[PDB]
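Enquirer: Got a structure here, written out as structure tokens. Questions coming.
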Ligand SMILES: *C(=N)[C@H]1CN(c2ccc(C(F)(F)F)nc2)C(=O)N1c1cncc2ccccc12
Ligand SMILES: *C(=N)[C@H]1CN(c2ccc(C(F)(F)F)nc2)C(=O)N1c1cncc2ccccc12
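Chains as they are written, first to last, in the authors' numbering: chain A, 1 to 306; chain A', 1 to 306. A prime marks a further copy of an entry chain.
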């Protein structure tokens with residue numbers, strides 16, 4: 001019993017975190033085989049940041065302007081190159097602790113674990129969701145750039161996020177591990193609007209199933225709805241539309257609980273329209289949308305990893 | 001910016017988790033040097049559990065009734081003994097991955113990371129608090145017994161909890177690593193009442209400071225209070241009394257925010273009496289008490305570990 005915001009075990013990622021310094025700027029890098037990945041804005045000065053020409057700035061850099069450290073170990077940079085917004089520092093020694101890994105680009109609404117780091121050392125781990133507007137609501141201080149987000153599938157770490165920036169609005173933005181930003185954001189110090197953020201509807205349904213599995217079910221009603229009628233109510237409340245793919249993904253939780261997906265949708269419809277009347281669900285007074293159906297199934301059935 | 005429920009990096013603990021089987025019962029053990037620790041109820045049958053005589057049951061067990069596994073590796077048990085409620089299985093090989101470690105008994109109101117495991121394999125990591133009534137609100141399925149809770153101090157893992165049981169009430173109970181239960185609980189299948197649970201007042205104040213540091217401060221008022229007057233209000237709402245030691249612990253957050261501790265206490269007093277009027281604090285519609293002052297300072301200043 002019980003339901004918690006749960007991150008993946010971080011051990012396989014911990015052994016990959018190093019420190020990257022360029023001038024006065026220190027941030028984190030990801031050391032896999034003989035390559036260190038980090039945000040390319042590490043090469044900017046405080047004057048460069050307002051409108052950097054990264055091609056020009058990188059040409060001005062030498063290998064020895066990049067100070068990479070793993071623990072007590074200095075890693076010698078053999079070469080530097082740029083893939084989109086990510087710097088690749090080839091080093092002369094492959095990380096002996098390199099796990100089996102993939103680089104993946106995740107979908108808005110999907111979740112991942114962040115290993116927040118400073119000076120190449122792990123500070124803590126927590127679960128995030130990629131918001132529909134391609135931001136994340138992280139916990140990041142100065143020096144946290146280069147921290148990565150990841151999932152674990154069997155024995156393979158799927159790296160999906162590298163932290164680049166905090167926007168003037170306090171929210172967080174970054175790239176996949178090929179250096180492509182999630183969302184419309186650019187790595188320059190300028191005002192950048194994120195989109196209207198919406199609530200991840202399929203995730204809220206998943207969490208309501210989690211509540212039911214844990215005996216918390218006061219919100220259930222005796223109604224059903226059509227996908228079309230539910231959606232007409234959900235857009236009024238800034239909830240993402242629900243698709244048939246979403247209904248199909250919730251199938252396993254429907255079967256475990258004996259509650260049809262469209263019946264749970266009818267329950268959510270009434271919660272949106274009436275509120276919670278001062279009650280709580282799974283210890284929360286608000287509807288939670290940062291758990292995917294898979295997260296719920298993994299937590300309520302005990303999926304483990306090598 | 002941002003504030004999240006953050007666990008310690010789990011890598012040093014991951015390398016210590018093994019599987020312990022006795023008969024049909026499989027659970028998790030903690031392998032440090034040449035000793036495997038696990039709950040002593042692993043030796044019970046389904047009939048033994050209602051009123052086990054653990055001394056008698058253990059005498060009936062042979063070394064070969066304990067099947068210990070670390071990955072593909074079978075660990076040969078050289079000896080078995082009982083320290084309070086914890087079984088100690090001496091094995092013939094010391095864990096090469098044994099980190100520097102301590103065993104500690106934590107205080108109600110203090111927090112720790114749980115590495116939830118099944119079949120000796122890590123499933124996920126999440127932060128808990130030791131409730132004032134010595135339970136924890138975990139996420140634990142069958143087979144999760146033997147999962148441990150821990151803190152990290154510099155380069156040393158301080159093990160503080162081992163999971164033993166889910167009570168008929170859905171909440172979770174366990175021991176320190178010397179096998180002494182937290183709280184009044186016993187390892188037999190009988191109805192056991194936990195105490196009235198109370199809210200950890202110093203933790204709520206810490207989280208209000210966290211909100212202020214993150215720009216979330218609508219709840220501040222222009223009042224102060226005495227420790228005595230605050231406490232008279234707090235007991236009405238099932239909040240633990242606040243001591244001078246608690247005020248002293250909050251000093252650093254008071255200095256960072258420019259808000260005196262007794263001024264924050266005056267703000268909490270009014271939140272308890274008036275509610276939140278449909279607002280939120282750090283993305284929560286309820287007052288949160290599972291962050292210690294140290295947790296806030298570590299997260300808002302970036303404490304890291306070896
Ligand atoms: C991460 N280490 C810092 C740096 N940073 C940043 C640097 C350069 C640029 C630009 F525009 F591309 F040149 N943009 C951003 C940034 O945003 N950082 C960061 C990240 N997360 C949180 C914080 C909190 C406080 C200060 C900086 C943060
Ligand atoms: C943990 N593996 C299980 C087993 N267990 C338990 C076994 C024996 C005894 C007794 F009384 F000492 F003999 N008491 C308890 C227990 O409580 N487990 C457990 C722990 N956390 C969560 C769950 C969820 C579902 C089923 C069992 C759980």
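The beta-carbon is built from N, C-alpha and C at its ideal position, and this holds for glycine as well.
For ligand 1, any of its heavy atoms closer than 7 angstroms to the Cβ of residue 172 of chain A?
Expert: yes
Enquirer: Would you mind telling me which residues of chain A' sit closer than 7 angstroms to residue 305 of chain A, beta carbon to beta carbon, in chain order?
Expert: 121 and 122
Enquirer: What do you get for residue 70 of chain A', buried or exposed, if any count of 16 or more other CB atoms within 10 angstroms of its CB means buried?
Expert: Buried, because 16 or more other Cβ atoms sit within 10 Å of the Cβ of residue 70 of chain A'.
Enquirer: Any heavy atom of ligand 1 closer than 7 angstroms to the beta-carbon of residue 188 of chain A?
Expert: Indeed, a heavy atom of ligand 1 lies less than 7 angstroms from the Cβ.
Enquirer: Grouping DSSP H, G and I as helix and E and B as strand, with all else coil, what is residue 12 of chain A'?
Expert: helix
Enquirer: Should residue 15 of chain A' be listed as close to ligand 1, given that the test is whether its C-beta is under 7 angstroms from any heavy atom?
Expert: no
Enquirer: Please classify residue 132 of chain A as buried or exposed, where buried requires at least 16 neighbouring CB atoms within 10 angstroms.
Expert: buried
Enquirer: Assuming residue 97 of chain A and residue 16 of chain A form a contact by the criterion Cβ under 8 angstroms, report the distance between their Cβ atoms to the nearest whole angstrom.
Expert: Separation of the CB atoms of residue 97 of chain A and residue 16 of chain A is rounded to 7 angstroms, and the pair is thereby assigned contact status at 8 angstroms.
Enquirer: Taking the alpha carbon of residue 88 of chain A as the reference point, which residue from A/180, A/267, A/225 and A/40 has its own alpha carbon closest?
Expert: A/40
Enquirer: Nearest-angstrom Cα distance between residue 216 of chain A' and residue 255 of chain A'?
Expert: 17 angstroms
Enquirer: Could you pull out every residue in the same chain whose Cβ sits closer than 8 angstroms to the Cβ of residue 250 of chain A', ignoring the five residues on either side in sequence?
Expert: Taken in chain order, the residues that qualify are 202, 205, 206, 209, 261, 264 and 293.
Enquirer: Looking only at its own chain, which residues have a Cβ that is under 8 angstroms from the Cβ of residue 172 of chain A', when we skip the five neighbours before and after it?
Expert: 135, 136, 137, 138, 140, 163, 165 and 166
Enquirer: Can you tell which of A/232, A/184 and A/269 has the C-alpha that lies nearest to the C-alpha of residue 220 of chain A?
Expert: A/269
Enquirer: Is residue 34 of chain A helix, strand or coil when you go by DSSP?
Expert: coil
Enquirer: Per the contact definition of three or more C-beta pairs closer than 8 angstroms, is the segment 2-14 of chain A in contact with the segment 143-157 of chain A?
Expert: yes
Enquirer: Does the count of Cβ pairs from the segment 109-116 of chain A and the segment 51-61 of chain A closer than 8 angstroms reach three?
Expert: no
Enquirer: Ordered along the chain, which non-local residues of its own chain (more than five positions away) have a Cβ less than 8 angstroms from that of residue 158 of chain A'?
Expert: Cβ neighbours of residue 158 of chain A' beyond the five flanking positions: 101, 102, 103, 104, 150, 151 and 152.
Enquirer: Chain A beta carbons: is any one of them nearer than 8 angstroms to that of residue 9 of chain A'?
Expert: Chain A contact via Cβ: present.
Enquirer: If you measure between the beta carbons of residue 213 of chain A and residue 85 of chain A, is that distance less than 8 angstroms?
Expert: no
Enquirer: Under 8 angstroms, CB to CB, which of the residues in the segment 232-243 of chain A have a partner in chain A'?
Expert: none
Enquirer: Verify the contact flag: residue 38 of chain A', CB atom, against every heavy atom of ligand 3, threshold strictly below 7 angstroms.
Expert: With respect to ligand 3, the structure shown offers nothing to examine, as its ligands consist of ligand 1 and ligand 2.
Enquirer: Is there at least one Cβ from chain A' nearer than 8 angstroms to residue 161 of chain A's Cβ?
Expert: No, residue 161 of chain A does not count as interfacial toward chain A'.
Enquirer: Please list, in chain order, all residues of the same chain as residue 148 of chain A' whose beta carbon is under 7 angstroms from its beta carbon, the five residues on each side excluded.
Expert: Cβ neighbours of residue 148 of chain A' beyond the five flanking positions: 13, 30, 115, 159, 161 and 162.
Enquirer: List in chain order: all unbroken alpha helix (DSSP H) runs of 4+ residues lying wholly within the segment 199-233 of chain A'.
Expert: Listed in chain order, they are 201-213.
Enquirer: Using only the alpha-carbon positions, how far apart do residue 184 of chain A and residue 266 of chain A sit?
Expert: 35 angstroms
Enquirer: Using alpha carbons as the reference points, say which of A/259, A/233 and A/228 lies closest to residue 244 of chain A.
Expert: When only C-alpha atoms are compared, the closest one is A/228.
Enquirer: Determine whether the Cβ of residue 126 of chain A lies closer than 8 angstroms to any Cβ atom of chain A'.
Expert: yes
Enquirer: Return no unless some Cβ of chain A is closer than 8 angstroms to the Cβ of residue 41 of chain A'.
Expert: No, because no Cβ of chain A sits closer than 8 angstroms to the Cβ of residue 41 of chain A'.
Enquirer: According to the neighbour-count rule (16 or more other Cβ atoms, all chains shown, within 10 Å of its Cβ), is residue 130 of chain A buried or exposed?
Expert: buried
Enquirer: Using beta carbons (cut-off 8 angstroms, strictly below), is residue 5 of chain A in contact with chain A'?
Expert: Yes, contact with chain A'.
Enquirer: Near residue 252 of chain A, which residues of its chain fall below 8 angstroms by C-beta distance, leaving aside the five closest residues on each side in sequence?
Expert: 293 and 297
Enquirer: Give a yes or no on whether 8 angstroms exceeds the smallest Cβ distance from residue 139 of chain A to chain A'.
Expert: Taking a beta-carbon distance threshold of 8 angstroms, residue 139 of chain A counts as an interface residue toward chain A'.
Enquirer: Under 7 angstroms between beta-carbons, which chain A' residues line up against residue 101 of chain A? List them in chain order, please.
Expert: Taking a Cβ-Cβ threshold of 7 angstroms, none of the residues of chain A' is close to residue 101 of chain A; the smallest such distance is about 15 angstroms.
Enquirer: So what does residue 89 of chain A' bridge to, in DSSP terms?
Expert: The partner list for residue 89 of chain A' (beta bridge, DSSP) reads A'/36 and A'/80.
Enquirer: Within 8 angstroms of any Cβ in chain A', is that where the Cβ of residue 146 of chain A sits?
Expert: no
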